[PDB]
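What follows is the content of structure_17.cif, which has mmCIF, N, CA and C atoms:
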data_work
#
loop_
_atom_site.group_PDB
_atom_site.id
_atom_site.type_symbol
_atom_site.label_atom_id
_atom_site.label_comp_id
_atom_site.auth_asym_id
_atom_site.auth_seq_id
_atom_site.Cartn_x
_atom_site.Cartn_y
_atom_site.Cartn_z
ATOM 1 N N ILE R 3 114.829 -30.077 -46.724
ATOM 2 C CA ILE R 3 115.722 -29.787 -45.610
ATOM 3 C C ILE R 3 115.238 -28.540 -44.880
ATOM 4 N N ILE R 4 114.793 -27.547 -45.647
ATOM 5 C CA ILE R 4 114.247 -26.306 -45.108
ATOM 6 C C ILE R 4 112.795 -26.212 -45.550
ATOM 7 N N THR R 5 111.888 -26.127 -44.587
ATOM 8 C CA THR R 5 110.461 -26.045 -44.847
ATOM 9 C C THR R 5 109.839 -25.061 -43.871
ATOM 10 N N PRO R 6 108.657 -24.528 -44.190
ATOM 11 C CA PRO R 6 107.995 -23.620 -43.239
ATOM 12 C C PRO R 6 107.786 -24.242 -41.871
ATOM 13 N N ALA R 7 107.672 -25.570 -41.791
ATOM 14 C CA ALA R 7 107.497 -26.218 -40.495
ATOM 15 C C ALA R 7 108.697 -25.972 -39.589
ATOM 16 N N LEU R 8 109.911 -26.067 -40.137
ATOM 17 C CA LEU R 8 111.103 -25.799 -39.337
ATOM 18 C C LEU R 8 111.128 -24.354 -38.859
ATOM 19 N N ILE R 9 110.747 -23.417 -39.730
ATOM 20 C CA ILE R 9 110.725 -22.010 -39.342
ATOM 21 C C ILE R 9 109.718 -21.787 -38.223
ATOM 22 N N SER R 10 108.538 -22.400 -38.332
ATOM 23 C CA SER R 10 107.535 -22.261 -37.281
ATOM 24 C C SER R 10 108.018 -22.875 -35.973
ATOM 25 N N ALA R 11 108.702 -24.020 -36.048
ATOM 26 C CA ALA R 11 109.233 -24.638 -34.839
ATOM 27 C C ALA R 11 110.263 -23.737 -34.172
ATOM 28 N N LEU R 12 111.155 -23.138 -34.963
ATOM 29 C CA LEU R 12 112.129 -22.207 -34.401
ATOM 30 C C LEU R 12 111.437 -20.989 -33.803
ATOM 31 N N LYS R 13 110.391 -20.497 -34.469
ATOM 32 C CA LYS R 13 109.636 -19.364 -33.946
ATOM 33 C C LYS R 13 109.026 -19.697 -32.591
ATOM 34 N N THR R 14 108.419 -20.879 -32.475
ATOM 35 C CA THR R 14 107.822 -21.283 -31.205
ATOM 36 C C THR R 14 108.884 -21.466 -30.128
ATOM 37 N N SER R 15 110.031 -22.047 -30.489
ATOM 38 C CA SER R 15 111.101 -22.223 -29.513
ATOM 39 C C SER R 15 111.595 -20.879 -28.995
ATOM 40 N N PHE R 16 111.812 -19.919 -29.895
ATOM 41 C CA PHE R 16 112.236 -18.588 -29.472
ATOM 42 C C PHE R 16 111.161 -17.917 -28.627
ATOM 43 N N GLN R 17 109.894 -18.085 -29.016
ATOM 44 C CA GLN R 17 108.792 -17.535 -28.240
ATOM 45 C C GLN R 17 108.849 -18.038 -26.808
ATOM 46 N N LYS R 18 108.959 -19.357 -26.637
ATOM 47 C CA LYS R 18 109.057 -19.917 -25.294
ATOM 48 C C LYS R 18 110.285 -19.381 -24.569
ATOM 49 N N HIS R 19 111.422 -19.313 -25.266
ATOM 50 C CA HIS R 19 112.659 -18.850 -24.648
ATOM 51 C C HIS R 19 112.480 -17.468 -24.033
ATOM 52 N N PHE R 20 112.164 -16.471 -24.862
ATOM 53 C CA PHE R 20 112.108 -15.121 -24.314
ATOM 54 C C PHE R 20 110.852 -14.873 -23.486
ATOM 55 N N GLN R 21 109.789 -15.665 -23.651
ATOM 56 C CA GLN R 21 108.661 -15.553 -22.733
ATOM 57 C C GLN R 21 109.075 -15.970 -21.330
ATOM 58 N N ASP R 22 109.796 -17.089 -21.220
ATOM 59 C CA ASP R 22 110.322 -17.499 -19.925
ATOM 60 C C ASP R 22 111.289 -16.458 -19.381
ATOM 61 N N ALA R 23 112.134 -15.899 -20.251
ATOM 62 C CA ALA R 23 113.085 -14.885 -19.805
ATOM 63 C C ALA R 23 112.369 -13.660 -19.245
ATOM 64 N N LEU R 24 111.348 -13.174 -19.954
ATOM 65 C CA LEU R 24 110.635 -11.979 -19.513
ATOM 66 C C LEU R 24 109.829 -12.248 -18.249
ATOM 67 N N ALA R 25 109.208 -13.425 -18.152
ATOM 68 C CA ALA R 25 108.425 -13.745 -16.964
ATOM 69 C C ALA R 25 109.276 -13.686 -15.703
ATOM 70 N N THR R 26 110.571 -13.973 -15.820
ATOM 71 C CA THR R 26 111.493 -13.938 -14.694
ATOM 72 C C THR R 26 112.315 -12.656 -14.650
ATOM 73 N N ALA R 27 111.951 -11.651 -15.438
ATOM 74 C CA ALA R 27 112.720 -10.416 -15.461
ATOM 75 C C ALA R 27 112.641 -9.721 -14.102
ATOM 76 N N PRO R 28 113.755 -9.188 -13.594
ATOM 77 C CA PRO R 28 113.696 -8.460 -12.320
ATOM 78 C C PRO R 28 112.780 -7.249 -12.414
ATOM 79 N N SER R 29 112.092 -6.967 -11.311
ATOM 80 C CA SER R 29 111.167 -5.845 -11.218
ATOM 81 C C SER R 29 111.721 -4.827 -10.232
ATOM 82 N N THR R 30 111.907 -3.592 -10.697
ATOM 83 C CA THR R 30 112.365 -2.500 -9.847
ATOM 84 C C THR R 30 111.553 -1.223 -9.994
ATOM 85 N N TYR R 31 110.856 -1.019 -11.114
ATOM 86 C CA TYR R 31 110.063 0.194 -11.276
ATOM 87 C C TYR R 31 108.831 0.187 -10.381
ATOM 88 N N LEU R 32 108.242 -0.988 -10.140
ATOM 89 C CA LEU R 32 107.021 -1.056 -9.347
ATOM 90 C C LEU R 32 107.212 -0.496 -7.945
ATOM 91 N N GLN R 33 108.447 -0.469 -7.440
ATOM 92 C CA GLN R 33 108.685 0.094 -6.115
ATOM 93 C C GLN R 33 108.346 1.579 -6.078
ATOM 94 N N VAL R 34 108.707 2.318 -7.126
ATOM 95 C CA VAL R 34 108.537 3.767 -7.142
ATOM 96 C C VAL R 34 107.770 4.206 -8.383
ATOM 97 N N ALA R 35 106.934 3.321 -8.924
ATOM 98 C CA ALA R 35 106.126 3.640 -10.092
ATOM 99 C C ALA R 35 104.746 3.017 -9.943
ATOM 100 N N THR R 36 103.771 3.612 -10.625
ATOM 101 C CA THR R 36 102.392 3.142 -10.618
ATOM 102 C C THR R 36 102.016 2.676 -12.016
ATOM 103 N N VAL R 37 101.470 1.467 -12.109
ATOM 104 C CA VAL R 37 101.078 0.884 -13.387
ATOM 105 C C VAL R 37 99.661 1.335 -13.715
ATOM 106 N N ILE R 38 99.470 1.831 -14.934
ATOM 107 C CA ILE R 38 98.171 2.327 -15.382
ATOM 108 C C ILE R 38 97.922 1.864 -16.813
ATOM 109 N N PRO R 39 97.052 0.881 -17.038
ATOM 110 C CA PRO R 39 96.736 0.484 -18.414
ATOM 111 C C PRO R 39 95.885 1.531 -19.116
ATOM 112 N N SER R 40 95.966 1.518 -20.445
ATOM 113 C CA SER R 40 95.183 2.423 -21.275
ATOM 114 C C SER R 40 94.750 1.684 -22.532
ATOM 115 N N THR R 41 93.671 2.172 -23.140
ATOM 116 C CA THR R 41 93.056 1.516 -24.288
ATOM 117 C C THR R 41 93.248 2.266 -25.596
ATOM 118 N N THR R 42 93.049 3.582 -25.614
ATOM 119 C CA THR R 42 93.193 4.335 -26.852
ATOM 120 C C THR R 42 93.216 5.823 -26.542
ATOM 121 N N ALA R 43 94.155 6.533 -27.166
ATOM 122 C CA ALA R 43 94.239 7.990 -27.083
ATOM 123 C C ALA R 43 94.150 8.464 -25.634
ATOM 124 N N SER R 44 94.937 7.827 -24.772
ATOM 125 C CA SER R 44 94.969 8.162 -23.352
ATOM 126 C C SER R 44 96.037 9.225 -23.126
ATOM 127 N N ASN R 45 95.602 10.437 -22.781
ATOM 128 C CA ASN R 45 96.513 11.535 -22.488
ATOM 129 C C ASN R 45 96.205 12.258 -21.186
ATOM 130 N N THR R 46 94.997 12.135 -20.645
ATOM 131 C CA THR R 46 94.615 12.791 -19.404
ATOM 132 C C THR R 46 94.102 11.757 -18.413
ATOM 133 N N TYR R 47 94.524 11.901 -17.157
ATOM 134 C CA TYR R 47 94.070 11.030 -16.073
ATOM 135 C C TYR R 47 94.053 11.882 -14.809
ATOM 136 N N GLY R 48 92.858 12.295 -14.396
ATOM 137 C CA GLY R 48 92.726 13.291 -13.354
ATOM 138 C C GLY R 48 92.564 12.754 -11.949
ATOM 139 N N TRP R 49 93.546 11.991 -11.475
ATOM 140 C CA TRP R 49 93.680 11.703 -10.056
ATOM 141 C C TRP R 49 94.691 12.625 -9.392
ATOM 142 N N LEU R 50 95.328 13.499 -10.166
ATOM 143 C CA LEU R 50 96.338 14.418 -9.668
ATOM 144 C C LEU R 50 95.680 15.694 -9.163
ATOM 145 N N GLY R 51 96.324 16.322 -8.184
ATOM 146 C CA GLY R 51 95.736 17.445 -7.491
ATOM 147 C C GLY R 51 94.761 17.061 -6.403
ATOM 148 N N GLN R 52 94.515 15.767 -6.212
ATOM 149 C CA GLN R 52 93.638 15.259 -5.165
ATOM 150 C C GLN R 52 94.504 14.552 -4.130
ATOM 151 N N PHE R 53 94.377 14.962 -2.868
ATOM 152 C CA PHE R 53 95.191 14.440 -1.770
ATOM 153 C C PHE R 53 94.271 13.855 -0.706
ATOM 154 N N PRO M 54 89.401 -7.576 40.643
ATOM 155 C CA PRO M 54 88.725 -8.547 41.513
ATOM 156 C C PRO M 54 89.673 -9.664 41.920
ATOM 157 N N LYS M 55 89.577 -10.074 43.183
ATOM 158 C CA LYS M 55 90.448 -11.103 43.724
ATOM 159 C C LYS M 55 89.705 -11.889 44.794
ATOM 160 N N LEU M 56 90.102 -13.148 44.960
ATOM 161 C CA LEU M 56 89.477 -13.994 45.966
ATOM 162 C C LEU M 56 89.827 -13.484 47.359
ATOM 163 N N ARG M 57 88.795 -13.226 48.155
ATOM 164 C CA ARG M 57 88.927 -12.569 49.445
ATOM 165 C C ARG M 57 88.739 -13.575 50.576
ATOM 166 N N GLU M 58 89.373 -13.283 51.708
ATOM 167 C CA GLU M 58 89.426 -14.198 52.841
ATOM 168 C C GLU M 58 88.338 -13.850 53.848
ATOM 169 N N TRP M 59 87.712 -14.878 54.419
ATOM 170 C CA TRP M 59 86.637 -14.659 55.378
ATOM 171 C C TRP M 59 87.200 -14.145 56.694
ATOM 172 N N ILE M 60 86.587 -13.088 57.215
ATOM 173 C CA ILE M 60 86.828 -12.615 58.569
ATOM 174 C C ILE M 60 85.519 -12.428 59.325
ATOM 175 N N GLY M 61 84.479 -13.172 58.954
ATOM 176 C CA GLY M 61 83.156 -12.961 59.502
ATOM 177 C C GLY M 61 82.498 -11.735 58.905
ATOM 178 N N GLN M 62 82.788 -11.461 57.635
ATOM 179 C CA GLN M 62 82.315 -10.252 56.976
ATOM 180 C C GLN M 62 82.093 -10.550 55.497
ATOM 181 N N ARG M 63 81.594 -9.547 54.774
ATOM 182 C CA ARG M 63 81.374 -9.638 53.338
ATOM 183 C C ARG M 63 81.901 -8.375 52.677
ATOM 184 N N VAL M 64 82.503 -8.530 51.499
ATOM 185 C CA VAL M 64 83.077 -7.418 50.749
ATOM 186 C C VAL M 64 82.471 -7.422 49.351
ATOM 187 N N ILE M 65 81.766 -6.346 49.013
ATOM 188 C CA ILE M 65 81.205 -6.170 47.682
ATOM 189 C C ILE M 65 82.213 -5.412 46.823
ATOM 190 N N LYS M 66 82.026 -5.483 45.503
ATOM 191 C CA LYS M 66 82.904 -4.784 44.572
ATOM 192 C C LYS M 66 83.161 -3.357 45.041
ATOM 193 N N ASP M 67 84.373 -2.874 44.773
ATOM 194 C CA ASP M 67 84.821 -1.581 45.275
ATOM 195 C C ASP M 67 84.463 -0.433 44.337
ATOM 196 N N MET M 68 84.956 -0.475 43.102
ATOM 197 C CA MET M 68 84.844 0.663 42.200
ATOM 198 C C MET M 68 83.400 0.865 41.758
ATOM 199 N N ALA M 69 83.010 2.129 41.620
ATOM 200 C CA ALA M 69 81.658 2.490 41.216
ATOM 201 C C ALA M 69 81.600 4.002 41.047
ATOM 202 N N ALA M 70 80.530 4.464 40.406
ATOM 203 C CA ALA M 70 80.274 5.889 40.210
ATOM 204 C C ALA M 70 81.488 6.583 39.591
ATOM 205 N N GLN M 71 81.837 6.137 38.387
ATOM 206 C CA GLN M 71 82.968 6.702 37.663
ATOM 207 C C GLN M 71 82.816 6.347 36.191
ATOM 208 N N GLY M 72 83.552 7.069 35.350
ATOM 209 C CA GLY M 72 83.512 6.827 33.921
ATOM 210 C C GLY M 72 84.802 7.275 33.269
ATOM 211 N N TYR M 73 84.842 7.133 31.946
ATOM 212 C CA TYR M 73 86.003 7.521 31.156
ATOM 213 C C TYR M 73 85.686 8.532 30.064
ATOM 214 N N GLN M 74 84.463 8.537 29.530
ATOM 215 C CA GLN M 74 84.050 9.494 28.505
ATOM 216 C C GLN M 74 84.952 9.389 27.270
ATOM 217 N N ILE M 75 84.850 8.231 26.613
ATOM 218 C CA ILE M 75 85.651 7.986 25.417
ATOM 219 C C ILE M 75 85.335 9.018 24.340
ATOM 220 N N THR M 76 84.053 9.344 24.159
ATOM 221 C CA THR M 76 83.620 10.353 23.192
ATOM 222 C C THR M 76 84.084 9.983 21.778
ATOM 223 N N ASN M 77 83.516 8.885 21.283
ATOM 224 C CA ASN M 77 83.861 8.392 19.957
ATOM 225 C C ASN M 77 83.743 9.505 18.921
ATOM 226 N N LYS M 78 84.521 9.377 17.848
ATOM 227 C CA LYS M 78 84.607 10.383 16.795
ATOM 228 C C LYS M 78 84.334 9.722 15.448
ATOM 229 N N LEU M 79 84.494 10.498 14.376
ATOM 230 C CA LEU M 79 84.225 10.032 13.023
ATOM 231 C C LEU M 79 85.334 10.487 12.085
ATOM 232 N N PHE M 80 85.532 9.718 11.015
ATOM 233 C CA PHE M 80 86.566 9.994 10.030
ATOM 234 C C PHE M 80 86.000 9.760 8.636
ATOM 235 N N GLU M 81 86.618 10.395 7.643
ATOM 236 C CA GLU M 81 86.160 10.250 6.267
ATOM 237 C C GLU M 81 87.288 10.627 5.317
ATOM 238 N N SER M 82 87.110 10.249 4.052
ATOM 239 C CA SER M 82 88.017 10.628 2.979
ATOM 240 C C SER M 82 87.229 10.673 1.679
ATOM 241 N N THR M 83 87.785 11.365 0.686
ATOM 242 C CA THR M 83 87.134 11.474 -0.612
ATOM 243 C C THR M 83 88.184 11.637 -1.702
ATOM 244 N N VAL M 84 87.845 11.157 -2.900
ATOM 245 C CA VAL M 84 88.712 11.234 -4.067
ATOM 246 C C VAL M 84 87.878 11.673 -5.263
ATOM 247 N N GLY M 85 88.573 12.074 -6.329
ATOM 248 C CA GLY M 85 87.940 12.569 -7.531
ATOM 249 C C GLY M 85 88.363 11.799 -8.772
ATOM 250 N N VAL M 86 87.733 12.165 -9.889
ATOM 251 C CA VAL M 86 88.013 11.533 -11.175
ATOM 252 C C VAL M 86 88.342 12.527 -12.279
ATOM 253 N N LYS M 87 87.913 13.784 -12.184
ATOM 254 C CA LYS M 87 88.143 14.874 -13.125
ATOM 255 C C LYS M 87 87.260 14.769 -14.370
ATOM 256 N N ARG M 88 86.509 13.684 -14.557
ATOM 257 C CA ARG M 88 85.521 13.526 -15.621
ATOM 258 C C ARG M 88 86.138 13.509 -17.019
ATOM 259 N N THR M 89 87.463 13.585 -17.147
ATOM 260 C CA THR M 89 88.090 13.684 -18.462
ATOM 261 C C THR M 89 88.488 12.321 -19.021
ATOM 262 N N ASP M 90 89.199 11.513 -18.232
ATOM 263 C CA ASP M 90 89.732 10.252 -18.734
ATOM 264 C C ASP M 90 88.645 9.244 -19.086
ATOM 265 N N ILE M 91 87.399 9.474 -18.665
ATOM 266 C CA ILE M 91 86.316 8.570 -19.039
ATOM 267 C C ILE M 91 86.147 8.547 -20.553
ATOM 268 N N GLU M 92 86.190 9.720 -21.188
ATOM 269 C CA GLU M 92 86.089 9.773 -22.642
ATOM 270 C C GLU M 92 87.257 9.051 -23.302
ATOM 271 N N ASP M 93 88.467 9.233 -22.771
ATOM 272 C CA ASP M 93 89.642 8.570 -23.325
ATOM 273 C C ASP M 93 89.660 7.073 -23.052
ATOM 274 N N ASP M 94 88.761 6.569 -22.207
ATOM 275 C CA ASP M 94 88.703 5.144 -21.886
ATOM 276 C C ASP M 94 89.957 4.687 -21.145
ATOM 277 N N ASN M 95 90.585 5.595 -20.404
ATOM 278 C CA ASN M 95 91.742 5.257 -19.574
ATOM 279 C C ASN M 95 91.299 4.769 -18.199
ATOM 280 N N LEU M 96 90.435 3.753 -18.190
ATOM 281 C CA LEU M 96 89.879 3.230 -16.948
ATOM 282 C C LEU M 96 90.870 2.377 -16.170
ATOM 283 N N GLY M 97 92.095 2.204 -16.669
ATOM 284 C CA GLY M 97 93.094 1.484 -15.898
ATOM 285 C C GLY M 97 93.349 2.133 -14.552
ATOM 286 N N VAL M 98 93.320 3.463 -14.510
ATOM 287 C CA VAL M 98 93.418 4.201 -13.257
ATOM 288 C C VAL M 98 92.182 3.871 -12.433
ATOM 289 N N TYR M 99 92.234 4.149 -11.134
ATOM 290 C CA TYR M 99 91.135 4.006 -10.184
ATOM 291 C C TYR M 99 90.937 2.565 -9.730
ATOM 292 N N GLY M 100 91.715 1.606 -10.220
ATOM 293 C CA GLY M 100 91.732 0.292 -9.625
ATOM 294 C C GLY M 100 92.649 0.263 -8.418
ATOM 295 N N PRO M 101 93.945 0.483 -8.654
ATOM 296 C CA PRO M 101 94.870 0.621 -7.521
ATOM 297 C C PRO M 101 94.532 1.792 -6.621
ATOM 298 N N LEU M 102 93.899 2.843 -7.149
ATOM 299 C CA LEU M 102 93.492 3.958 -6.298
ATOM 300 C C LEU M 102 92.506 3.498 -5.231
ATOM 301 N N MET M 103 91.430 2.825 -5.646
ATOM 302 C CA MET M 103 90.467 2.314 -4.676
ATOM 303 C C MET M 103 91.093 1.249 -3.788
#

Using the file provided, produce a representation of the structure as structure tokens.
Amino acid sequence: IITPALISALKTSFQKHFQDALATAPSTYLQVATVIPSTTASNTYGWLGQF
Amino acid sequence: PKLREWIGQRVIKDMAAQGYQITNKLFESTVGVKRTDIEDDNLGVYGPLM
């Protein structure tokens, strides 16, 4: 009645659920924020002080 | 210029010996990197900047 297959199916269903939810999440920070990816130990980014 | 009517005469273009002297100019800009974030591998910056 309960097997790892059922747990994996529920995991995939939840994955799809909240992936769809997040993909449609409202965006408001991008209006007044700048997105900057980082890879490791990122603490300094010297584009500031330049106009 | 406009189509002119014959009166037994000829009319050549009017305006001549004049100019405007636009005097084109030049513009530039520059940006920096600070040489620090390269070590940190924070190369995400400078994409949206450019």

Using the chain letters and numbers from this document, which residues of chain R does DSSP assign to helix (DSSP H, G or I), as a PyMOL selection string? chain R and resi 6-25+31-34

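For the pair atom N of residue 83 (chain M) and atom C of residue 49 (chain R), the separation is 12.3 Å.
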
Written as a count of residues only, what is the full residue list that the PyMOL selection byres ((chain R and name CA) within 10 of (chain M and name CA)) yields on the file shown? 18

Give the centre and edge lengths of an axis-aligned box, in Å to one decimal, that holds all listed atoms of region 18-27 of chain R with 6 Å on each side, as AutoDock Vina command-line options.
--center_x 110.8 --center_y -14.8 --center_z -20.4 --size_x 16.7 --size_y 22.2 --size_z 24.5

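Taking atom C of residue 103 (chain M) and atom C of residue 75 (chain M) as the two end points, the separation is 29.7 Å.
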
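Relative to atom C of residue 3 (chain R), CA of residue 17 (chain R) is found at 21.0 Å.
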
Could N, CA, C and O atoms be built for region 10-34 of chain R and written out as a PDB file, in the coordinates of the input?
ATOM      1  N   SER R  10     108.538 -22.400 -38.332  1.00  0.00           N
ATOM      2  CA  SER R  10     107.535 -22.261 -37.281  1.00  0.00           C
ATOM      3  C   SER R  10     108.018 -22.875 -35.973  1.00  0.00           C
ATOM      4  O   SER R  10     107.765 -22.332 -34.892  1.00  0.00           O
ATOM      5  N   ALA R  11     108.702 -24.020 -36.048  1.00  0.00           N
ATOM      6  CA  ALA R  11     109.233 -24.638 -34.839  1.00  0.00           C
ATOM      7  C   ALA R  11     110.263 -23.737 -34.172  1.00  0.00           C
ATOM      8  O   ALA R  11     110.259 -23.577 -32.945  1.00  0.00           O
ATOM      9  N   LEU R  12     111.155 -23.138 -34.963  1.00  0.00           N
ATOM     10  CA  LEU R  12     112.129 -22.207 -34.401  1.00  0.00           C
ATOM     11  C   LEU R  12     111.437 -20.989 -33.803  1.00  0.00           C
ATOM     12  O   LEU R  12     111.843 -20.488 -32.747  1.00  0.00           O
ATOM     13  N   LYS R  13     110.391 -20.497 -34.469  1.00  0.00           N
ATOM     14  CA  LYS R  13     109.636 -19.364 -33.946  1.00  0.00           C
ATOM     15  C   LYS R  13     109.026 -19.697 -32.591  1.00  0.00           C
ATOM     16  O   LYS R  13     109.104 -18.902 -31.650  1.00  0.00           O
ATOM     17  N   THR R  14     108.419 -20.879 -32.475  1.00  0.00           N
ATOM     18  CA  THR R  14     107.822 -21.283 -31.205  1.00  0.00           C
ATOM     19  C   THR R  14     108.884 -21.466 -30.128  1.00  0.00           C
ATOM     20  O   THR R  14     108.671 -21.095 -28.966  1.00  0.00           O
ATOM     21  N   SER R  15     110.031 -22.047 -30.489  1.00  0.00           N
ATOM     22  CA  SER R  15     111.101 -22.223 -29.513  1.00  0.00           C
ATOM     23  C   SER R  15     111.595 -20.879 -28.995  1.00  0.00           C
ATOM     24  O   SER R  15     111.774 -20.699 -27.785  1.00  0.00           O
ATOM     25  N   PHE R  16     111.812 -19.919 -29.895  1.00  0.00           N
ATOM     26  CA  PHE R  16     112.236 -18.588 -29.472  1.00  0.00           C
ATOM     27  C   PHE R  16     111.161 -17.917 -28.627  1.00  0.00           C
ATOM     28  O   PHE R  16     111.466 -17.228 -27.643  1.00  0.00           O
ATOM     29  N   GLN R  17     109.894 -18.085 -29.016  1.00  0.00           N
ATOM     30  CA  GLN R  17     108.792 -17.535 -28.240  1.00  0.00           C
ATOM     31  C   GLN R  17     108.849 -18.038 -26.808  1.00  0.00           C
ATOM     32  O   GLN R  17     108.818 -17.249 -25.859  1.00  0.00           O
ATOM     33  N   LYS R  18     108.959 -19.357 -26.637  1.00  0.00           N
ATOM     34  CA  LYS R  18     109.057 -19.917 -25.294  1.00  0.00           C
ATOM     35  C   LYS R  18     110.285 -19.381 -24.569  1.00  0.00           C
ATOM     36  O   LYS R  18     110.209 -19.012 -23.390  1.00  0.00           O
ATOM     37  N   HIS R  19     111.422 -19.313 -25.266  1.00  0.00           N
ATOM     38  CA  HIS R  19     112.659 -18.850 -24.648  1.00  0.00           C
ATOM     39  C   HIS R  19     112.480 -17.468 -24.033  1.00  0.00           C
ATOM     40  O   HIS R  19     112.620 -17.288 -22.816  1.00  0.00           O
ATOM     41  N   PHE R  20     112.164 -16.471 -24.862  1.00  0.00           N
ATOM     42  CA  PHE R  20     112.108 -15.121 -24.314  1.00  0.00           C
ATOM     43  C   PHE R  20     110.852 -14.873 -23.486  1.00  0.00           C
ATOM     44  O   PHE R  20     110.862 -13.965 -22.653  1.00  0.00           O
ATOM     45  N   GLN R  21     109.789 -15.665 -23.651  1.00  0.00           N
ATOM     46  CA  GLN R  21     108.661 -15.553 -22.733  1.00  0.00           C
ATOM     47  C   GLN R  21     109.075 -15.970 -21.330  1.00  0.00           C
ATOM     48  O   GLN R  21     108.762 -15.287 -20.348  1.00  0.00           O
ATOM     49  N   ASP R  22     109.796 -17.089 -21.220  1.00  0.00           N
ATOM     50  CA  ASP R  22     110.322 -17.499 -19.925  1.00  0.00           C
ATOM     51  C   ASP R  22     111.289 -16.458 -19.381  1.00  0.00           C
ATOM     52  O   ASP R  22     111.280 -16.155 -18.183  1.00  0.00           O
ATOM     53  N   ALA R  23     112.134 -15.899 -20.251  1.00  0.00           N
ATOM     54  CA  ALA R  23     113.085 -14.885 -19.805  1.00  0.00           C
ATOM     55  C   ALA R  23     112.369 -13.660 -19.245  1.00  0.00           C
ATOM     56  O   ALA R  23     112.730 -13.148 -18.179  1.00  0.00           O
ATOM     57  N   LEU R  24     111.348 -13.174 -19.954  1.00  0.00           N
ATOM     58  CA  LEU R  24     110.635 -11.979 -19.513  1.00  0.00           C
ATOM     59  C   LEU R  24     109.829 -12.248 -18.249  1.00  0.00           C
ATOM     60  O   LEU R  24     109.763 -11.394 -17.357  1.00  0.00           O
ATOM     61  N   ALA R  25     109.208 -13.425 -18.152  1.00  0.00           N
ATOM     62  CA  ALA R  25     108.425 -13.745 -16.964  1.00  0.00           C
ATOM     63  C   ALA R  25     109.276 -13.686 -15.703  1.00  0.00           C
ATOM     64  O   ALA R  25     108.762 -13.378 -14.622  1.00  0.00           O
ATOM     65  N   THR R  26     110.571 -13.973 -15.820  1.00  0.00           N
ATOM     66  CA  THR R  26     111.493 -13.938 -14.694  1.00  0.00           C
ATOM     67  C   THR R  26     112.315 -12.656 -14.650  1.00  0.00           C
ATOM     68  O   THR R  26     113.288 -12.583 -13.893  1.00  0.00           O
ATOM     69  N   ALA R  27     111.951 -11.651 -15.438  1.00  0.00           N
ATOM     70  CA  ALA R  27     112.720 -10.416 -15.461  1.00  0.00           C
ATOM     71  C   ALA R  27     112.641  -9.721 -14.102  1.00  0.00           C
ATOM     72  O   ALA R  27     111.567  -9.663 -13.496  1.00  0.00           O
ATOM     73  N   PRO R  28     113.755  -9.188 -13.594  1.00  0.00           N
ATOM     74  CA  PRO R  28     113.696  -8.460 -12.320  1.00  0.00           C
ATOM     75  C   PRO R  28     112.780  -7.249 -12.414  1.00  0.00           C
ATOM     76  O   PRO R  28     112.694  -6.585 -13.449  1.00  0.00           O
ATOM     77  N   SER R  29     112.092  -6.967 -11.311  1.00  0.00           N
ATOM     78  CA  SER R  29     111.167  -5.845 -11.218  1.00  0.00           C
ATOM     79  C   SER R  29     111.721  -4.827 -10.232  1.00  0.00           C
ATOM     80  O   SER R  29     111.976  -5.160  -9.068  1.00  0.00           O
ATOM     81  N   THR R  30     111.907  -3.592 -10.697  1.00  0.00           N
ATOM     82  CA  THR R  30     112.365  -2.500  -9.847  1.00  0.00           C
ATOM     83  C   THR R  30     111.553  -1.223  -9.994  1.00  0.00           C
ATOM     84  O   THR R  30     111.560  -0.406  -9.065  1.00  0.00           O
ATOM     85  N   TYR R  31     110.856  -1.019 -11.114  1.00  0.00           N
ATOM     86  CA  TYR R  31     110.063   0.194 -11.276  1.00  0.00           C
ATOM     87  C   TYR R  31     108.831   0.187 -10.381  1.00  0.00           C
ATOM     88  O   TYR R  31     108.415   1.244  -9.895  1.00  0.00           O
ATOM     89  N   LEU R  32     108.242  -0.988 -10.140  1.00  0.00           N
ATOM     90  CA  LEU R  32     107.021  -1.056  -9.347  1.00  0.00           C
ATOM     91  C   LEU R  32     107.212  -0.496  -7.945  1.00  0.00           C
ATOM     92  O   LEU R  32     106.231  -0.087  -7.315  1.00  0.00           O
ATOM     93  N   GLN R  33     108.447  -0.469  -7.440  1.00  0.00           N
ATOM     94  CA  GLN R  33     108.685   0.094  -6.115  1.00  0.00           C
ATOM     95  C   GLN R  33     108.346   1.579  -6.078  1.00  0.00           C
ATOM     96  O   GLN R  33     107.756   2.062  -5.105  1.00  0.00           O
ATOM     97  N   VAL R  34     108.707   2.318  -7.126  1.00  0.00           N
ATOM     98  CA  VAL R  34     108.537   3.767  -7.142  1.00  0.00           C
ATOM     99  C   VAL R  34     107.770   4.206  -8.383  1.00  0.00           C
ATOM    100  O   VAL R  34     107.926   5.339  -8.850  1.00  0.00           O
TER     101      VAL R  34
END
